[PDB]
Amino acid sequence: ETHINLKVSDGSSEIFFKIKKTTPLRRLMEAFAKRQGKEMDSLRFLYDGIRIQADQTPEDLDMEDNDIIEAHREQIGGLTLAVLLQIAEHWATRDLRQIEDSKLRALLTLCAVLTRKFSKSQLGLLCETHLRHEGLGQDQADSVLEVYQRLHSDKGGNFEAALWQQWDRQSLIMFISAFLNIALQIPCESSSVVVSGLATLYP
Amino acid sequence: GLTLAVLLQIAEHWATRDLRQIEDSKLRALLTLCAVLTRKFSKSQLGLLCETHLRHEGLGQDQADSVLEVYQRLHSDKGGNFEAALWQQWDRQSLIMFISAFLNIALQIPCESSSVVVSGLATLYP
């Protein structure tokens, strides 16, 4: 047999291929990614638990007829919530007048990402706590809520970008620093009987 | 005070717990915990979560749509609506299994994927 049948699967979508044993696996990888509407490089492919490369052949790998290749989504970066909270806690105490624009831009992103980890129903408390942290008054409530609300729903990253272009540095610094302090102390869901249920799970 | 930090502490503790004898009220609360934590992932991460969950559990293709739907509907949930329906509709073993798999895979998966986001935040690690 100069040919081999192989299945590529990601657990949901599976595809039954046939190729020649001396042909690189690239074309199968490309056809599978294409069917998920993805770029080949957004996926990785494993055989017998081992990542394999597009230039390798079923022959080099001692594949057997009807063997299975697993398609796995790439894990790009390691930004767990745990890691984001470490970053926030580190920067919360820092004087930001010092830092490069590149770090400030990234901190803006951190505030936007972390804002989106609060339920909608907490944005009011987040606003009110922001005001009390800064010593601002009800005069500013609408403007602060609108920032948080717009970040919370900022799907394109477009509002975040506008904030970076339109706000002066001192204003950005004041807001970012306010947020990083209050965000770690405020509950991420509102009260309810169901959320009180979580109390029974505390160690 | 269910802070982000406290949410993760609860999840970390319960990922290590044997649920053989789990009480109904505790199971109900674990469902809430999983629903809340699911919503800390960006929508773009749901596919990776589902994929990891299928593989962790040895679930077939036949069950892929179903596990994904649960993830999508927890993620888009409002006022505990879908969560409450899951509690009523699913048998106890199925819920336990789902919750136990979630807690064992969720804590190592990034909560954001965007190239824009990962690139930016890299610079901020101590």
# chains A, B, ... in the order shown; residues from 1 in each chain; ligands from 1
call {"tool": "select_by_dssp", "arguments": {"residues": "region 2-201 of chain A", "states": "strand (DSSP E)", "output": "VMD selection string"}}
result
chain A and resid 3 to 9 14 to 20 43 to 47 50 to 52 67 to 73
call {"tool": "write_last_selection", "arguments": {"atoms": "N, CA, C and O atoms", "output": "JSON list (two decimals), in the first residue's frame"}}
result
[["chain", "number", "residue", "atom", "x", "y", "z"],
["A", 3, "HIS", "N", -0.67, 4.23, -0.25],
["A", 3, "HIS", "CA", -1.58, 5.19, 0.39],
["A", 3, "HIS", "C", -1.94, 4.78, 1.80],
["A", 3, "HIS", "O", -1.80, 3.62, 2.18],
["A", 4, "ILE", "N", -2.44, 5.75, 2.57],
["A", 4, "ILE", "CA", -2.90, 5.55, 3.93],
["A", 4, "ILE", "C", -4.14, 6.41, 4.19],
["A", 4, "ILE", "O", -4.22, 7.57, 3.75],
["A", 5, "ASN", "N", -5.10, 5.85, 4.91],
["A", 5, "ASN", "CA", -6.26, 6.60, 5.34],
["A", 5, "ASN", "C", -6.02, 7.10, 6.74],
["A", 5, "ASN", "O", -5.56, 6.33, 7.58],
["A", 6, "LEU", "N", -6.35, 8.36, 6.97],
["A", 6, "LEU", "CA", -6.14, 9.02, 8.25],
["A", 6, "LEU", "C", -7.35, 9.89, 8.55],
["A", 6, "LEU", "O", -7.95, 10.44, 7.64],
["A", 7, "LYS", "N", -7.67, 10.01, 9.84],
["A", 7, "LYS", "CA", -8.74, 10.84, 10.32],
["A", 7, "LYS", "C", -8.09, 11.99, 11.09],
["A", 7, "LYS", "O", -7.20, 11.75, 11.90],
["A", 8, "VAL", "N", -8.49, 13.24, 10.81],
["A", 8, "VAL", "CA", -8.15, 14.37, 11.66],
["A", 8, "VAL", "C", -9.43, 14.80, 12.42],
["A", 8, "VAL", "O", -10.51, 14.96, 11.83],
["A", 9, "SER", "N", -9.33, 14.89, 13.75],
["A", 9, "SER", "CA", -10.46, 15.29, 14.58],
["A", 9, "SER", "C", -10.08, 16.28, 15.67],
["A", 9, "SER", "O", -9.01, 16.20, 16.22],
["A", 14, "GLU", "N", -14.78, 16.04, 12.57],
["A", 14, "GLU", "CA", -13.83, 15.04, 12.15],
["A", 14, "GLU", "C", -13.83, 14.92, 10.63],
["A", 14, "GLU", "O", -14.84, 15.13, 9.98],
["A", 15, "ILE", "N", -12.66, 14.65, 10.06],
["A", 15, "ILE", "CA", -12.54, 14.51, 8.62],
["A", 15, "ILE", "C", -11.70, 13.30, 8.26],
["A", 15, "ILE", "O", -10.61, 13.10, 8.79],
["A", 16, "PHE", "N", -12.22, 12.53, 7.32],
["A", 16, "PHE", "CA", -11.62, 11.29, 6.88],
["A", 16, "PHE", "C", -10.83, 11.51, 5.61],
["A", 16, "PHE", "O", -11.41, 11.77, 4.56],
["A", 17, "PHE", "N", -9.50, 11.43, 5.70],
["A", 17, "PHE", "CA", -8.66, 11.71, 4.56],
["A", 17, "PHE", "C", -8.03, 10.45, 3.96],
["A", 17, "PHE", "O", -8.00, 9.39, 4.58],
["A", 18, "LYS", "N", -7.49, 10.60, 2.76],
["A", 18, "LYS", "CA", -6.56, 9.64, 2.19],
["A", 18, "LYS", "C", -5.39, 10.37, 1.58],
["A", 18, "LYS", "O", -5.58, 11.27, 0.79],
["A", 19, "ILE", "N", -4.17, 10.01, 1.96],
["A", 19, "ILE", "CA", -3.01, 10.48, 1.25],
["A", 19, "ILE", "C", -1.95, 9.42, 1.05],
["A", 19, "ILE", "O", -1.98, 8.36, 1.65],
["A", 20, "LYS", "N", -1.00, 9.75, 0.18],
["A", 20, "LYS", "CA", 0.19, 8.95, -0.08],
["A", 20, "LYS", "C", 1.15, 9.04, 1.11],
["A", 20, "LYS", "O", 1.31, 10.10, 1.72],
["A", 43, "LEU", "N", -3.95, 26.22, 14.88],
["A", 43, "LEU", "CA", -4.10, 24.86, 15.34],
["A", 43, "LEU", "C", -2.78, 24.14, 15.50],
["A", 43, "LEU", "O", -1.83, 24.46, 14.85],
["A", 44, "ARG", "N", -2.73, 23.14, 16.36],
["A", 44, "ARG", "CA", -1.60, 22.22, 16.40],
["A", 44, "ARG", "C", -2.10, 20.78, 16.27],
["A", 44, "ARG", "O", -3.22, 20.45, 16.66],
["A", 45, "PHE", "N", -1.28, 19.93, 15.67],
["A", 45, "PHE", "CA", -1.70, 18.58, 15.39],
["A", 45, "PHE", "C", -0.80, 17.57, 16.09],
["A", 45, "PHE", "O", 0.44, 17.65, 15.99],
["A", 46, "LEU", "N", -1.43, 16.63, 16.78],
["A", 46, "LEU", "CA", -0.75, 15.63, 17.59],
["A", 46, "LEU", "C", -1.05, 14.23, 17.08],
["A", 46, "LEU", "O", -2.18, 13.92, 16.66],
["A", 47, "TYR", "N", -0.01, 13.40, 17.10],
["A", 47, "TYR", "CA", -0.10, 11.99, 16.81],
["A", 47, "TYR", "C", 0.55, 11.25, 17.98],
["A", 47, "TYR", "O", 1.67, 11.57, 18.38],
["A", 50, "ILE", "N", 1.88, 13.53, 20.59],
["A", 50, "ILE", "CA", 3.09, 14.28, 20.29],
["A", 50, "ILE", "C", 2.84, 15.27, 19.17],
["A", 50, "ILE", "O", 2.35, 14.90, 18.10],
["A", 51, "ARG", "N", 3.23, 16.51, 19.37],
["A", 51, "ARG", "CA", 3.04, 17.47, 18.31],
["A", 51, "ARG", "C", 3.87, 17.12, 17.09],
["A", 51, "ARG", "O", 5.08, 16.87, 17.19],
["A", 52, "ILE", "N", 3.21, 17.13, 15.94],
["A", 52, "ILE", "CA", 3.88, 16.88, 14.68],
["A", 52, "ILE", "C", 3.84, 18.09, 13.75],
["A", 52, "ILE", "O", 3.01, 18.99, 13.90],
["A", 67, "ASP", "N", -5.31, 5.48, 11.28],
["A", 67, "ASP", "CA", -4.88, 6.18, 12.46],
["A", 67, "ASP", "C", -5.51, 7.56, 12.55],
["A", 67, "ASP", "O", -6.04, 8.10, 11.56],
["A", 68, "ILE", "N", -5.41, 8.15, 13.74],
["A", 68, "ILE", "CA", -6.09, 9.41, 14.06],
["A", 68, "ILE", "C", -5.06, 10.46, 14.41],
["A", 68, "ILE", "O", -4.09, 10.18, 15.10],
["A", 69, "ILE", "N", -5.26, 11.66, 13.87],
["A", 69, "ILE", "CA", -4.47, 12.83, 14.20],
["A", 69, "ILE", "C", -5.39, 13.78, 14.95],
["A", 69, "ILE", "O", -6.49, 14.07, 14.47],
["A", 70, "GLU", "N", -4.96, 14.26, 16.11],
["A", 70, "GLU", "CA", -5.78, 15.18, 16.91],
["A", 70, "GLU", "C", -5.46, 16.64, 16.57],
["A", 70, "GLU", "O", -4.29, 17.02, 16.55],
["A", 71, "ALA", "N", -6.48, 17.45, 16.31],
["A", 71, "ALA", "CA", -6.32, 18.89, 16.12],
["A", 71, "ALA", "C", -6.68, 19.60, 17.41],
["A", 71, "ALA", "O", -7.76, 19.40, 17.95],
["A", 72, "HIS", "N", -5.76, 20.44, 17.88],
["A", 72, "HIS", "CA", -5.88, 21.18, 19.13],
["A", 72, "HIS", "C", -5.76, 22.66, 18.83],
["A", 72, "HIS", "O", -4.86, 23.06, 18.07],
["A", 73, "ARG", "N", -6.61, 23.48, 19.42],
["A", 73, "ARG", "CA", -6.48, 24.94, 19.31],
["A", 73, "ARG", "C", -5.19, 25.37, 20.02],
["A", 73, "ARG", "O", -4.86, 24.84, 21.09]]
call {"tool": "interface_residues", "arguments": {"of": "chain B", "to": "chain A", "cutoff": "8 Å", "atoms": "only C-alpha atoms", "output": "CSV table (one decimal) with N, CA and C atoms, in the first residue's frame"}}
result
chain,number,residue,atom,x,y,z
B,1,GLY,N,-17.8,38.7,50.5
B,1,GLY,CA,-17.2,39.5,49.5
B,1,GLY,C,-16.6,38.5,48.4
B,2,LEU,N,-17.5,38.2,47.4
B,2,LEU,CA,-17.1,37.3,46.3
B,2,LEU,C,-16.2,38.1,45.3
B,3,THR,N,-15.0,38.5,45.7
B,3,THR,CA,-14.1,39.1,44.8
B,3,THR,C,-13.5,38.2,43.8
B,4,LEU,N,-12.9,38.7,42.7
B,4,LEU,CA,-12.3,37.8,41.7
B,4,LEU,C,-11.3,36.8,42.5
B,5,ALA,N,-10.5,37.3,43.4
B,5,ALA,CA,-9.5,36.5,44.1
B,5,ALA,C,-10.2,35.4,44.8
B,8,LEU,N,-11.5,32.6,42.6
B,8,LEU,CA,-10.5,31.6,42.2
B,8,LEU,C,-10.0,30.7,43.4
B,10,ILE,N,-11.9,29.6,45.8
B,10,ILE,CA,-13.0,28.6,45.9
B,10,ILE,C,-12.8,27.6,44.8
B,13,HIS,N,-9.7,25.3,45.5
B,13,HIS,CA,-10.0,24.3,46.5
B,13,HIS,C,-10.9,23.2,46.0
B,26,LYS,N,-24.7,21.7,48.1
B,26,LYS,CA,-23.4,22.0,47.7
B,26,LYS,C,-23.2,21.9,46.2
B,28,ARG,N,-25.5,22.3,43.9
B,28,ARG,CA,-26.2,23.5,43.4
B,28,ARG,C,-25.3,24.7,43.4
B,29,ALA,N,-24.6,24.9,44.5
B,29,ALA,CA,-23.7,26.0,44.6
B,29,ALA,C,-22.4,25.9,43.7
B,30,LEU,N,-22.0,24.6,43.5
B,30,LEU,CA,-20.9,24.3,42.5
B,30,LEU,C,-21.3,24.7,41.1
B,32,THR,N,-23.4,27.1,40.4
B,32,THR,CA,-23.3,28.5,40.3
B,32,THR,C,-21.8,29.0,40.2
B,33,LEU,N,-20.9,28.4,40.9
B,33,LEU,CA,-19.5,28.6,40.8
B,33,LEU,C,-18.9,28.5,39.4
B,39,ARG,N,-18.2,32.7,32.8
B,39,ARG,CA,-18.3,34.1,32.4
B,39,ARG,C,-17.1,35.0,32.6
B,40,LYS,N,-16.1,34.5,33.2
B,40,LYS,CA,-14.8,35.2,33.3
B,40,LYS,C,-13.9,34.9,32.1
B,48,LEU,N,-12.1,26.6,23.1
B,48,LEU,CA,-10.9,25.9,23.7
B,48,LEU,C,-11.3,25.2,25.0
B,51,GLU,N,-13.3,22.1,23.9
B,51,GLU,CA,-12.4,21.1,23.3
B,51,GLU,C,-11.6,20.4,24.4
B,54,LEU,N,-14.0,18.0,26.4
B,54,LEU,CA,-14.3,16.8,25.6
B,54,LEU,C,-13.1,15.8,25.8
B,55,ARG,N,-11.9,16.3,25.6
B,55,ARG,CA,-10.8,15.4,25.7
B,55,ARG,C,-10.5,14.9,27.1
B,59,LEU,N,-15.2,12.2,25.9
B,59,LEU,CA,-16.5,12.3,25.3
B,59,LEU,C,-16.4,12.2,23.8
B,60,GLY,N,-17.4,11.5,23.3
B,60,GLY,CA,-17.5,11.4,21.8
B,60,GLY,C,-18.1,12.7,21.1
B,61,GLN,N,-17.9,12.6,19.8
B,61,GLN,CA,-18.3,13.6,18.9
B,61,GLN,C,-19.8,13.8,19.1
B,62,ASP,N,-20.5,12.7,19.2
B,62,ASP,CA,-22.0,12.7,19.5
B,62,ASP,C,-22.4,13.6,20.6
B,64,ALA,N,-20.6,16.5,21.5
B,64,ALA,CA,-19.9,17.7,21.4
B,64,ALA,C,-20.7,19.0,21.3
B,65,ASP,N,-21.8,18.9,20.6
B,65,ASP,CA,-22.7,20.0,20.5
B,65,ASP,C,-23.3,20.3,21.9
B,107,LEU,N,-8.9,26.2,35.2
B,107,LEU,CA,-7.8,27.0,35.9
B,107,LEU,C,-6.5,27.1,35.2
B,108,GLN,N,-6.3,26.3,34.2
B,108,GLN,CA,-5.0,26.4,33.4
B,108,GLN,C,-5.2,27.1,32.0
B,109,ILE,N,-6.5,27.4,31.7
B,109,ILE,CA,-6.8,28.0,30.4
B,109,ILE,C,-6.8,29.5,30.5
B,110,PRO,N,-6.1,30.2,29.6
B,110,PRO,CA,-6.2,31.7,29.5
B,110,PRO,C,-7.6,32.2,29.5
B,111,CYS,N,-7.9,33.3,30.2
B,111,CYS,CA,-9.2,33.8,30.1
B,111,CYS,C,-9.4,34.8,29.0
B,112,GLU,N,-8.3,35.2,28.3
B,112,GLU,CA,-8.3,36.0,27.1
B,112,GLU,C,-7.4,35.5,26.0
B,113,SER,N,-7.8,35.6,24.8
B,113,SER,CA,-6.9,35.1,23.6
B,113,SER,C,-6.4,36.2,22.7
B,115,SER,N,-4.8,38.6,20.2
B,115,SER,CA,-3.4,39.0,19.9
B,115,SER,C,-3.0,40.4,20.4
B,117,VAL,N,-4.5,41.8,22.9
B,117,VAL,CA,-4.4,41.7,24.4
B,117,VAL,C,-3.2,41.0,24.9
B,118,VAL,N,-2.9,39.8,24.4
B,118,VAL,CA,-1.7,39.1,24.9
B,118,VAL,C,-0.4,39.9,24.6
B,120,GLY,N,0.1,43.2,24.3
B,120,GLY,CA,0.1,44.3,25.3
B,120,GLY,C,0.5,43.9,26.7
B,121,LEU,N,-0.2,42.9,27.2
B,121,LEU,CA,-0.1,42.5,28.6
B,121,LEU,C,1.3,41.9,29.0
B,123,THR,N,4.3,42.8,28.4
B,123,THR,CA,5.1,43.9,29.0
B,123,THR,C,4.9,44.2,30.5
B,124,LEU,N,3.8,43.7,31.1
B,124,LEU,CA,3.4,44.1,32.5
B,124,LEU,C,3.7,43.1,33.5
B,125,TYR,N,4.0,41.8,33.1
B,125,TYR,CA,4.5,40.8,34.1
B,125,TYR,C,5.7,41.3,34.9
B,126,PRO,N,5.7,41.2,36.2
B,126,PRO,CA,6.9,41.5,37.1
B,126,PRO,C,8.0,40.4,36.8
call {"tool": "select_by_dssp", "arguments": {"residues": "region 38-113 of chain A", "states": "helix (DSSP H, G or I)", "output": "MDAnalysis selection string"}}
result
chainID A and resid 40:42 58:61 81:92 96:98 101:113
call {"tool": "closest_residue", "arguments": {"among": "B:31, B:22, B:7, B:76", "to": "residue 88 (chain B)", "atoms": "only C-alpha atoms"}}
result
B:31
call {"tool": "atom_distance", "arguments": {"atom1": "CA of residue 75 (chain B)", "atom2": "CA of residue 40 (chain A)"}}
result
27.2 Å
call {"tool": "decode", "arguments": {"residues": "chain B", "atoms": "C-alpha atoms", "output": "tab-separated table (two decimals), in the first residue's frame"}}
result
chain	number	residue	atom	x	y	z
B	1	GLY	CA	-17.16	39.45	49.47
B	2	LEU	CA	-17.06	37.33	46.30
B	3	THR	CA	-14.06	39.13	44.81
B	4	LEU	CA	-12.25	37.84	41.74
B	5	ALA	CA	-9.49	36.51	44.08
B	6	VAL	CA	-12.01	34.76	46.33
B	7	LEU	CA	-13.76	33.20	43.36
B	8	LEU	CA	-10.46	31.64	42.24
B	9	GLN	CA	-9.63	30.43	45.81
B	10	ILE	CA	-12.98	28.60	45.94
B	11	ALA	CA	-12.45	27.08	42.50
B	12	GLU	CA	-8.87	25.99	43.36
B	13	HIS	CA	-10.02	24.28	46.53
B	14	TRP	CA	-12.94	22.47	44.83
B	15	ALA	CA	-11.00	21.26	41.79
B	16	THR	CA	-9.13	18.98	44.23
B	17	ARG	CA	-12.29	17.62	46.03
B	18	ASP	CA	-13.83	14.17	45.63
B	19	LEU	CA	-17.52	14.68	44.84
B	20	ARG	CA	-18.67	11.05	45.54
B	21	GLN	CA	-20.88	12.16	48.46
B	22	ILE	CA	-21.58	15.76	47.45
B	23	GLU	CA	-24.78	17.11	49.06
B	24	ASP	CA	-27.45	18.55	46.71
B	25	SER	CA	-27.13	22.06	48.15
B	26	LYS	CA	-23.37	22.01	47.65
B	27	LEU	CA	-23.75	20.66	44.15
B	28	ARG	CA	-26.24	23.46	43.38
B	29	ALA	CA	-23.67	25.98	44.59
B	30	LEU	CA	-20.88	24.35	42.55
B	31	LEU	CA	-23.11	24.83	39.51
B	32	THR	CA	-23.27	28.54	40.34
B	33	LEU	CA	-19.50	28.65	40.77
B	34	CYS	CA	-18.94	27.09	37.38
B	35	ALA	CA	-21.46	29.46	35.73
B	36	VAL	CA	-19.82	32.51	37.27
B	37	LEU	CA	-16.29	31.37	36.34
B	38	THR	CA	-17.34	30.46	32.77
B	39	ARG	CA	-18.35	34.10	32.39
B	40	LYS	CA	-14.79	35.22	33.30
B	41	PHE	CA	-13.60	33.77	29.98
B	42	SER	CA	-13.95	35.87	26.82
B	43	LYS	CA	-16.36	34.43	24.23
B	44	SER	CA	-13.40	33.58	21.98
B	45	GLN	CA	-12.15	31.05	24.66
B	46	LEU	CA	-15.33	28.92	24.75
B	47	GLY	CA	-14.20	26.72	21.90
B	48	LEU	CA	-10.92	25.94	23.71
B	49	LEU	CA	-12.78	25.18	26.96
B	50	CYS	CA	-15.21	22.81	25.27
B	51	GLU	CA	-12.37	21.14	23.34
B	52	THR	CA	-10.34	20.61	26.51
B	53	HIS	CA	-13.41	19.33	28.36
B	54	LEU	CA	-14.29	16.80	25.63
B	55	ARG	CA	-10.75	15.43	25.67
B	56	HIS	CA	-10.42	15.37	29.47
B	57	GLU	CA	-13.61	13.33	29.74
B	58	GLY	CA	-13.23	10.99	26.71
B	59	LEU	CA	-16.52	12.34	25.34
B	60	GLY	CA	-17.48	11.43	21.81
B	61	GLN	CA	-18.34	13.63	18.89
B	62	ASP	CA	-21.95	12.66	19.53
B	63	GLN	CA	-21.81	14.73	22.77
B	64	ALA	CA	-19.86	17.75	21.37
B	65	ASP	CA	-22.73	20.01	20.48
B	66	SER	CA	-24.22	19.38	23.88
B	67	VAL	CA	-21.16	20.32	25.99
B	68	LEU	CA	-20.55	23.37	23.82
B	69	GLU	CA	-24.17	24.48	24.20
B	70	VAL	CA	-23.90	24.32	27.99
B	71	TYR	CA	-20.74	26.44	27.87
B	72	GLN	CA	-22.31	28.99	25.49
B	73	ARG	CA	-25.51	29.23	27.54
B	74	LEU	CA	-23.76	29.56	30.88
B	75	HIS	CA	-21.58	32.23	29.28
B	76	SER	CA	-24.55	34.17	27.87
B	77	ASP	CA	-26.75	33.56	30.93
B	78	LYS	CA	-28.80	36.34	32.57
B	79	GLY	CA	-30.40	36.16	36.06
B	80	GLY	CA	-29.51	32.49	36.54
B	81	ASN	CA	-32.13	31.49	33.92
B	82	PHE	CA	-30.28	28.77	32.00
B	83	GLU	CA	-28.40	27.63	35.10
B	84	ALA	CA	-31.69	26.99	36.91
B	85	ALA	CA	-33.00	25.04	33.89
B	86	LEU	CA	-29.85	22.88	33.80
B	87	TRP	CA	-30.27	22.08	37.49
B	88	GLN	CA	-33.84	20.90	36.83
B	89	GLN	CA	-33.17	19.04	33.59
B	90	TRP	CA	-29.86	17.26	34.11
B	91	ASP	CA	-29.45	14.12	36.16
B	92	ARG	CA	-27.12	14.32	39.19
B	93	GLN	CA	-24.25	12.23	37.75
B	94	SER	CA	-24.13	14.35	34.57
B	95	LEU	CA	-23.92	17.60	36.54
B	96	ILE	CA	-21.19	16.28	38.89
B	97	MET	CA	-19.12	15.08	35.95
B	98	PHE	CA	-19.46	18.36	34.11
B	99	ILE	CA	-18.63	20.42	37.21
B	100	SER	CA	-15.66	18.20	38.14
B	101	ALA	CA	-14.22	18.34	34.59
B	102	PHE	CA	-14.71	22.13	34.36
B	103	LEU	CA	-12.88	22.79	37.63
B	104	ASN	CA	-10.01	20.53	36.61
B	105	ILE	CA	-9.45	22.20	33.21
B	106	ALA	CA	-10.63	25.84	33.60
B	107	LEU	CA	-7.85	27.02	35.93
B	108	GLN	CA	-5.02	26.44	33.39
B	109	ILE	CA	-6.78	27.99	30.39
B	110	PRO	CA	-6.18	31.68	29.54
B	111	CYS	CA	-9.23	33.83	30.14
B	112	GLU	CA	-8.35	36.05	27.09
B	113	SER	CA	-6.89	35.14	23.65
B	114	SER	CA	-6.77	38.36	21.52
B	115	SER	CA	-3.36	38.97	19.86
B	116	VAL	CA	-3.87	42.67	20.70
B	117	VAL	CA	-4.43	41.71	24.37
B	118	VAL	CA	-1.66	39.10	24.87
B	119	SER	CA	0.91	41.31	23.08
B	120	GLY	CA	0.10	44.31	25.30
B	121	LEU	CA	-0.07	42.54	28.64
B	122	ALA	CA	3.25	40.69	28.16
B	123	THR	CA	5.12	43.90	29.04
B	124	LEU	CA	3.38	44.10	32.47
B	125	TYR	CA	4.49	40.82	34.08
B	126	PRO	CA	6.89	41.45	37.05
